[PDB]
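Report on the structure given below.
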Amino acid sequence: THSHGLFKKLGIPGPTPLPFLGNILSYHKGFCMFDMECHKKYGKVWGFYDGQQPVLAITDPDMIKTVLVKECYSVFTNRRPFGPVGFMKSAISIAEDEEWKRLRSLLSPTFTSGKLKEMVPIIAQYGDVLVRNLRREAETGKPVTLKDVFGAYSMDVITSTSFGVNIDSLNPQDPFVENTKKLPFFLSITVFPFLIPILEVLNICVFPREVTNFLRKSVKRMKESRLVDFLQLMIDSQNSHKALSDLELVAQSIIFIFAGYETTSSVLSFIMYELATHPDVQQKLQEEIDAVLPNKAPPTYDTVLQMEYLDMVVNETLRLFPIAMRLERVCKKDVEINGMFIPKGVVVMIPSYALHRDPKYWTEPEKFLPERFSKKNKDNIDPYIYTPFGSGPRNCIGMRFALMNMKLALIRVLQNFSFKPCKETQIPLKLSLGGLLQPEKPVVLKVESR
Ligand code: HEM
Ligand SMILES: CC(C)(C)OC(=O)N[C@@H](CS[C@H](Cc1ccccc1)C(=O)NCc1cccnc1)Cc1ccccc1
């Protein structure tokens, strides 16, 4: 301190920081709106402060490629630290430098296309659970809270694809549904991040210290009972890198569970909102599914990859609602990328949400228009502008699994039901002014049987 002269010095523009707070008062309308304003106010690069922490936004595709791919192992390797984490320091999304590179290696083969084709029959069976829990609400002409029913399915696939456990968590108190339920503080970190090590010597975990105590033992119950799913594929790996330890493995289990719980369910809710508020896209998708799977035939790994309009709908939804909002890398050395000095310790940020809604790359960016991703037009889309799964060595490892999971859900559900707005549906949907990509009011819709 005071780091607050850095961008003034480097000749990089940006909003003037308040003492201690930096620019965080500007987060009151949410990360997203702040980024969009800076992008129009300042242009291709700018700089702000989360407390004393300098953040350099970049929006040049080449420069973004340099950061995320070209200079990844050398400079922009780790994400911005947050804490206290405790033993979750060993989770892949959290770990750093060579220990991350190791965890990335030991867990990469789990996420292969071939391993994912063997999860399809299991992910298929809960697609049926999802339809019956839907019909019980459709036959009773009462509006439906999509996050609950998508959450219950997304919860079902996680427990199954990651440990073998098999519940219809919507309807009992099966010993597993509840510890995963615990699925203001985090803003006080930003002004006082010098207090993270304080909390790390106090063993306060941002992960409720009890959930983790439940699964550290629950895994070693499963580990010593067996002795097709993620835990097996990880136990099988630990049989050039030091093999995955037992606590290390639990920490990955925790990452996968959250990674694909609120994500899968949130995205599915954004897609169903768009398909209800655009009934022709919905009909057109329903037709393509009936063309590929006539007589409500069950989707397989290969018929899913055949559905091009389904892919367009998923991609365009993620353009509008990229649930990460930003990508970030901590610059670990004095570097120069594409003619611009970047001093060590700066956090480099890619404003994905702003870049997805930039009129300078998107005609009518607020409109939901799947055709942007027609095989005709899909080629003009800059892949360092549309980045819903990141890019380079540290992108979303669960990308293909998440696309596959969501699409199986949609096919099964669109085969059987159409989706209409209720009077209680929020149109236009508004994003949580807070810190997550979720709707302000939950998405509720009328569900009717075909
Ligand atoms: C629609 C669903 C999802 C979306 C849009 C999404 C998006 C992202 C993004 C943007 C990142 C940061 C990438 C970067 O920094 O370049 C990321 C990281 C990550 N994601 Fe996902 N994600 C989704 C679901 C999942 C799922 C289901 C898993 C399940 C295993 C998963 C596992 C991970 C991991 C482990 C990382 C950190 C990877 C690393 O640092 O090595 N994600 N995701
Ligand atoms: C800075 C602030 C306090 C505002 O929020 C964060 O601290 N958020 C990141 C920090 S790691 C996060 C750890 C985690 C585990 C369980 C519950 C919550 C969080 C993680 O592994 N999530 C996986 C994931 C989630 C979503 C998609 N794909 C994968 C989460 C993250 C974002 C983007 C890429 C990678 C991680």
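We did not get these values from a lab; they are worked out from the coordinates using the rules stated. Here the Cβ positions follow ideal geometry from the backbone for every residue, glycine too, while neighbour counts run over all protein chains shown.
The share of Cα pairs per 10 Å bin across region 212-352, counted from zero up to the longest distance, runs 9, 22, 22, 27, 18, 3, 0 percent.
The Cα-based radius of gyration and maximum Cα-Cα distance (Dmax) for region 312-359 are 14.3, 42 Å. The alpha carbons of region 1-119 give a radius of gyration and a Dmax of 18.1, 55 Å, in that order. Could you please report the charge total around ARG79, scoring K, R as +1 and D, E as -1 over all other residues with beta-carbon less than 12 angstrom from its beta-carbon? Net charge around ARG79: +2. Working ranking of peptides 184-196, 118-130 by packing, defined as the average number of other Cβ atoms within 10 Å per residue, highest first, is 118-130, 184-196. Shape analysis of region 391-450 places it in the oblate category; the axes a ≥ b ≥ c from the Cα gyration tensor give an a/c of at least 1.5, with a/b not above b/c.
Under the simplified labelling scheme, the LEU247-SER3 pair shows an inter-label distance of 2.9 nm, with each label point 7 Å from Cα along Cα→Cβ.
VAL313: net charge of surrounding residues, Cβ under 12 Å, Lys/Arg +1, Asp/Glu -1, itself excluded?
On the way: positive: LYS284, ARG319, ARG372, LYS407; negative: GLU274, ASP280, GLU288, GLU308, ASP311, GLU316, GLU371.
My count for the surroundings of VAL313 gives -3.
Count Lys and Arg as plus one, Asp and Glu as minus one, and take only other residues whose Cβ is under 13 Å from that of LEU433; the net charge is then +2. Site pair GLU366 and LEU433 shows an inter-label distance of 1.8 nm when each label is modelled 7 Å from Cα along Cα→Cβ. Among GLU200, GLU178, a tally of other beta-carbon atoms within 10 Å of each Cβ gives an order, fewest to most, of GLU178, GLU200. Its convex hull of Cα atoms gives region 79-149 a direction-averaged projected area, equal to a quarter of the hull surface, of 8.0 nm².
Name the shape class, rounded, prolate or oblate, that the alpha-carbon gyration tensor gives for region 273-408, where a ≥ b ≥ c are the square roots of its eigenvalues, rounded holds for a/c under 1.5, and otherwise prolate holds if a/b is larger than b/c and oblate otherwise. Prolate, because a/c is 1.5 or more and a/b exceeds b/c. Protection proxy ranking of 34-41, 351-358, by the mean of other Cβ atoms within 10 Å over each peptide's residues and highest first, is 351-358, 34-41. Between rounded, prolate and oblate, where does the chain land on the alpha carbon gyration tensor, with a ≥ b ≥ c its root eigenvalues, rounded for a/c under 1.5, else prolate if a/b exceeds b/c? It is oblate, given that a/c is not under 1.5 and a/b is not larger than b/c.
Counting only Cβ charges, +1 for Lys and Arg and -1 for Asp and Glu, the dipole size of the chain around its Cα centre is about 540 debye.
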